[PDB]
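Residue numbers (this note's numbering), protein chains in the order written: chain A, 2 to 76; chain B, 2 to 76; chain C, 2 to 76; chain D, 32 to 152; chain E, 63 to 169; chain F, 515 to 1015; chain G, 515 to 1015; chain H, 515 to 1015.
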């Protein structure tokens, strides 16, 4: 269907390799890189929401990272 | 073949119904709610994290819902 | 084949003349001397950037030396 | 259907040469692949050679490597197998079997009748 | 290099029987394997490709299945045009090696 | 007629000069016009025949790995080499495998290992391109008047008939006026360039189903592909995405293949449209077309007719039509020839003062035999009003009660204007008159905000838009700066896109 | 022998009482033991034969919709009915469709519409169950001593031979000691219940490939399924996930089917293991087994032997082995029968004082012919040391230089202990002696923290763990409370799980 | 003898127990030993025969591009395809080229363009590998005594002769003692593993010249290459580095090839050594070898001889030898047979008290004919001293004046010890006795600092070391912290590496 759960929630940690462990490190990162690379105005919009939301400068960057993480996968 | 881009990024907004609209309202909500239902200790983890992140009273709930939306998608 | 790794980084510490030890003494200096003699006008800008940095009369000369050395071979 | 014809086979003295001509018809010859398989009598079926559609990539078996030169003609619709310096262990029926490329994957598709190649004393 | 052993090569059945010949593999070939219908004095045709499926032209009485260690060819009703030489053949491991050849004799 | 059961019919009017009311024509939504003294025609975009398409990168999804090999070396002999490494019909990968005396080597360490595998793709998908210049729109007109309800969706035969006539809109000819011979000729100059934002919309074909994917989504697919300018035995440009190399030791690792990616690219198509294939041309049903109707040659047909002076028996029980219009169908039981039906509305039949507007302007009878059916369309006022048809004795009457109020009508027109704005955006202001402050300046400011919105957010789903609307809602109630109404503008500008289906 | 090219060999020792050193045996990692005066055997878990499996919910992924119909009603006649609504071999959905005179109705409104479609699934996947009680482990032992390097991975024939012997560990018999007849008998009582956390690990079979999915992931799949207790023509319990109903009007809507979900469930398997099928039994290669080795009957074979008094020519060029061990293979050019090799190490050959430990304890020659190969294994000290073999004249010497230092050895043993802890967790402390403060109390506190961790986080990926580690890193530098080292404990407890492959 | 004209001769001594003085033997530097009552032999490493080499990645430098083609498409037809894209004997690159009506297209935009070119490499370089285990050192010994100066470098014939004898040091046999039959037998156990840091030193062969490149420099070359396990028509793994694609329009861009990269890889070899090829074995001349000399069987030959009682005429004019030693050659004009030369030094010939050490210990005459030449080697004191040879009447005298002082000798020995430390480092402390505080603890601290230096700086040139020495010199004069002498330690540790040639 549409909402198949990823098995990487419950990865069988053992000595041998799992099924898709080669393409797991750059699995989410390719999608975030593509979604930011093809929607560059959301970088500005999320920067604005982070800078209006955070109190310190060390929390605005966390808000910026978390919104530019949420919006590729749409949670 | 692993990180197929979703076409819901660029939705062709028109009068006719798109390819998957009826199964789009609960496409993301199932991936969130099922992962919260099957990992309920992460609610405690994200609560104890957001209590340490959030400055104001209505800041930490934004931190909590942001963490509880990132981690079911890992992205 | 634009750049090549210099073997002089990993020269063989032994009691024999290596393959270019007649030329390794005045190669990296002859390149700097030729490049400074080509455009001598860069020395004024190198002293001007050096005068704006450090400000100790003995750190300005050393940033002059470093800037004058990273300019012929662009590092 | 697939008129895979074969020619060139006959009697061969050991150490001699042979050029096996295989003429294909009934499809588009350029966009398919072509093999060469043999039937040693008394034993099973084997595989001796393989050519890609480009006309330069040539594969063989272990017994005939460095012994068989196999080419193809796109224009005159021919497959050539310049066997040179044979041995009496190579007496078989060299079928000209067409590969299943992108239609029947991983399979010798339709075969040719094969010529009779015998080498003895 | 691998070998494709099978059922004893002599069988004599009547017209319209349900014969199932098995092909035993040497190693894990994993559903890339073929069968052939060969008659003497005749070029063989492909019968089952990819261990499960069929091309056009041939009748659907031929049914092939199985993988891993053993494969099988199953015909529902033996037509008199089926009394031929059958052998399995892998395509996973190179060089591509055939079976042994199984004769289907009249009873 | 032809705009009667669409549930999306818009009414346009307001030509007291120029007679060039301009409309946008979506596929699901027909459009009924209304004029001063010209017949109300019903225009409806039926198809969009994208013709003569090229090919772009045709991906693969059914990969069949066969004829594999392997080669290795001892931990100092360099890497391995293979004959099946030197053709691009085979995929290869080098990998360090631990070797020792048990694998017949001479040392112990990272011995290299190369394996190969022939890539055979079975069922591939093909993404065609769509030029903007070979679109072929098909607008079917339909006048109101002398035709019964059996000729509403009846399309078989309109060259002999006059009450409906179709026109094609190619970009080589947006000058196409239909000859409703007797009604005049509806001048019609559309604008087929600014359709569904074409030249970004590839035409994805797979498994003999068809789509309209965005060009962005089609180029961002990680699958094996080859350029479309091709024939048999293609050269797959990137095979690493459909093969997976599990590394088993002893100088041969296993090459497993990912299976058919059919369902994955099906559920990745969460926003594309669907289309059909008519052979060489891909006929689709979607989009819009900002046309413009010149009613310089729409004349009433039977305005020099007498009034019908006979029975007018009802037929087919008149019914409401989801916007308040009433489609009365009558049959005329006389022989008065090309005559004219004396229909009206009445709040009371002591005076018979017409109150509601008659949509079927100048409703005539074109037949001359005994029985002649004809279909009207009336718009009663809010409340109770009688439907009067016939001049004198043997007039007929069907009492009506149109439900609702004028406030409800204004609210429904507001919400459907907001829905049309939410679907089109820029071209929503192209629905009326010449404009000085509502169809030109409004299009300007909406064009600026639509560009600075669809480049700002531009890539969010149905659900992430709800999340960001809740976020700007919480920002829109707790701030002591001037950007309260700016965050609430981005609240409304998102949630109205969410309130629609 | 058999633990020589695995790159994961662990050495265990320390039996000065009890002689019950306990080990965990992963599949990729062999284990070499070391004793006071008993031969060093090399134990290695080879397979895990999950046998006699049941069936659970067998999903479908290849759905073929055929034989469809439709039925409707006017907007007041209630909903539609169909004969193909009253079997569960067909999927149905009711939907309101706008109808009017053009669709032959009597009013205008939401007319209902039912369509049906026969669900035919072609290629289904089957999820078998794994009982914990029919696991069948297979541990192969291999002693060190009188055997050349041709018998390292040589498994063909070990009932006639004695130097290697295999044992099975079923849960009905974890009492299996191997008879190395002449070496004694290695007592071995494993614990096959606490394997790879079984009874949560279904055995997913699709397309003749096999997996070990978690039970959670297998029950949380939204696909059509039926209970495994079945035969032909199954009853699919939830067909709504693989059919999609696009609603086209005029009393028949289109029933499209989502395609083959093969690649979607392939890329959804981002953490499962792979297995093979040996017919009725599913042989896999993964997991671990906390065994315990009783060396109460391991005696040295040739301890009553003389010393070899002949040539000892080298063969097969001795080489380092990735942990510092050196596998010298010599051939004895004499005829001294069942004799014993006088091997040692030496920092200088003026004194010949043995310094490094000899791993192949009491290395003997068991042959009596002219040439007799034998393979040693020595562990030199850090620096330069000679390898001395032979008693007097015609001794041999291969000078060695073992690279590294004791600090580097301690750091590598620390990082591999952290890797073994990161893979196993609870069973990491089961690698040594009886324990009073390091193998029982440490297992207690690690068991408590592992339960309160794997129930706390428990469901995060490789990448979300990096994100949460960066989050607790930023929390671990900016806080003025006592929970700095608690957030840094959750930093280390996550990032060490990330530093491993 | 054989250590007389090398300008790098080191003298070793100090065996009053053990008799195991240990030396390192560079190629350019011969080594002369000195004992209590044993003959001074002269040891000298001559060759290093690296034998039986494998192959690694063989690069290319002479690329010849021929048989090129091109293909393009209009700006919407996707990219181009070519038959010469589907073999890896051809290099290809796709590039967007602006096209329009002048190039026969249909739109104006980025039309794609593919070009291909067959890669034919003509002169390739081959990098062989060097195993550490098939090194084959060749040490030639030479005793001092009964041999004239015509037998100093005379190597033709030493199996019949005894005064010089050569030994091979393989890693399979570092137990090789030479039989100087009559002088005894010099026990000699070398250590051929720790040579010139092997297994990182590939053997680069190009244009029939040969090198010893580092493995790092050889793998970091950006050039076309293929794995060495190969034959004719190789598959070049990375051809993009030797072809350059200038993009000219009109559907064919130009494929220029970079020329012969011979001189570039020649001047990139700024620190490699040179070697020769002896066919299958690559004989080189460099490196060192930490051997260890056991003088347990070095006896003086003619210690039971009488004294020569005849003329002793001089010949060949005695001369100084660059370290202060004096190589007197005399001929004995008598017939006293196997007798012994009564040589000494004298500060005055009234007393004849020997003061300087005689290097040619127990210098004998082995001939019995009329004329018998023999070559001594004496070491006078600083100042004036006579050279006395002969017992009584007809003794000879050549007055000597050895220039310099003891302070100058100590300074020269210090600077050559610093030069030997700067060349070897770790193995510099392996030049003397058993060591308790100068050959073991010093090797420890120097090993620690050499590892933490050559991993710290480790990759700097001759000139960047001067720059960083000036930088740490300026840091070593302007700081008020304790790291003045630490920066000056890194001053000395660099500039002493620069003061040597």
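Just so you know, even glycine gets a beta-carbon here, dropped at the ideal spot from N, CA and C.
Problem - Contacts that residue 73 of chain C makes with chain H (C-beta to C-beta distance below 7 Å) - result: Simply none; closest approach about 13 Å.
Problem - Per-residue DSSP class, three states only, for residue 864 of chain G - result: coil
Practice task
With 7 Å as the threshold, decide whether the Cβ of residue 744 of chain H is near any Cβ in chain D.
Solution key: no
Handout entry: residue 853 of chain H, DSSP secondary structure in three states
Key = strand
Handout entry: Where residue 753 of chain G falls, given that 16 or more other Cβ within 10 Å makes a residue buried
Key = buried
Handout entry: residue 891 of chain F burial status per 10 Å Cβ neighbour count (16 or more: buried)
Key = buried
Practice task
Take the Cβ of residue 3 of chain C as the centre, count every other Cβ of all protein chains shown within 10 Å, and call the residue buried at 16 or more, exposed below.
Solution key: exposed
Problem - Proximal chain G residues relative to residue 808 of chain H, where beta-carbon distance stays under 8 Å - result: 864
Practice task
To the nearest angstrom, report how far apart residue 60 of chain B and residue 600 of chain G are at their CA atoms.
Solution key: 54 Å
Exercise for the section: Using three-state DSSP, classify residue 58 of chain B as helix, strand or coil. Expected result: coil
Handout entry: Proximity winner among G:676, G:951 and G:570, relative to residue 1043 of chain G (alpha-carbon distances)
Key = Lying before the first or after the last residue shown, residue 1043 of chain G is absent from chain G, which here runs from 515 to 1015.
Problem - Contact residues within the segment 823-843 of chain G, judged by C-beta distance below 9 Å to chain H - result: 828, 831, 832 and 833
Problem - For residue 101 of chain D, the three-state DSSP class (helix, strand or coil) - result: strand
Exercise for the section: Given a cut-off of 7 Å, decide if residue 631 of chain F and residue 605 of chain F are closer than it, judged by their beta-carbon atoms. Expected result: yes
Problem - Test item: CB-CB of residue 542 of chain F and residue 522 of chain F under 7 Å - result: yes
Practice task
May I ask which residues mark the beginning and end of the alpha helix (DSSP H) holding residue 780 of chain F?
Solution key: 776-781
Exercise for the section: Can you give me the start and stop residues for the beta strand (DSSP E) that residue 35 of chain A sits inside? Expected result: Not the beta strand (DSSP E): residue 35 of chain A falls in the alpha helix (DSSP H), residues 26-38.
Practice task
Can you give me, in chain order, the residues of the segment 108-139 of chain D that have a beta carbon less than 7 Å from any beta carbon in chain F?
Solution key: 132, 133, 136 and 137
Handout entry: Per-residue contacts from residue 20 of chain B into chain F (C-beta, under 9 Å)
Key = 725, 780, 783, 784, 785, 786, 787 and 788
Problem - Same chain only: Cβ atoms within 6 Å of residue 65 of chain E, ignoring 5 sequence neighbours per side - result: 88
Exercise for the section: Give me whichever residues DSSP pairs with residue 651 of chain F in a beta bridge. Expected result: F:562 and F:683
Handout entry: Simplified DSSP assignment, three categories, for residue 963 of chain G
Key = helix
Exercise for the section: Report yes if the CB atom of residue 552 of chain H is closer than 7 Å to the CB atom of residue 812 of chain H, and no otherwise. Expected result: yes
Exercise for the section: Could you tell me whether the Cβ atoms of residue 515 of chain G and residue 656 of chain G are closer together than 7 Å? Expected result: yes
Handout entry: C-beta contact flag for residue 728 of chain F and residue 714 of chain F at 7 Å
Key = yes
Practice task
Tell me, please, whether the CB atom of residue 25 of chain C is closer than 7 Å to any CB atom in chain H?
Solution key: yes
Exercise for the section: Scan the segment 131-155 of chain E for residues whose Cβ lies nearer than 7 Å to a Cβ of chain G and list them as they occur along the chain. Expected result: 131
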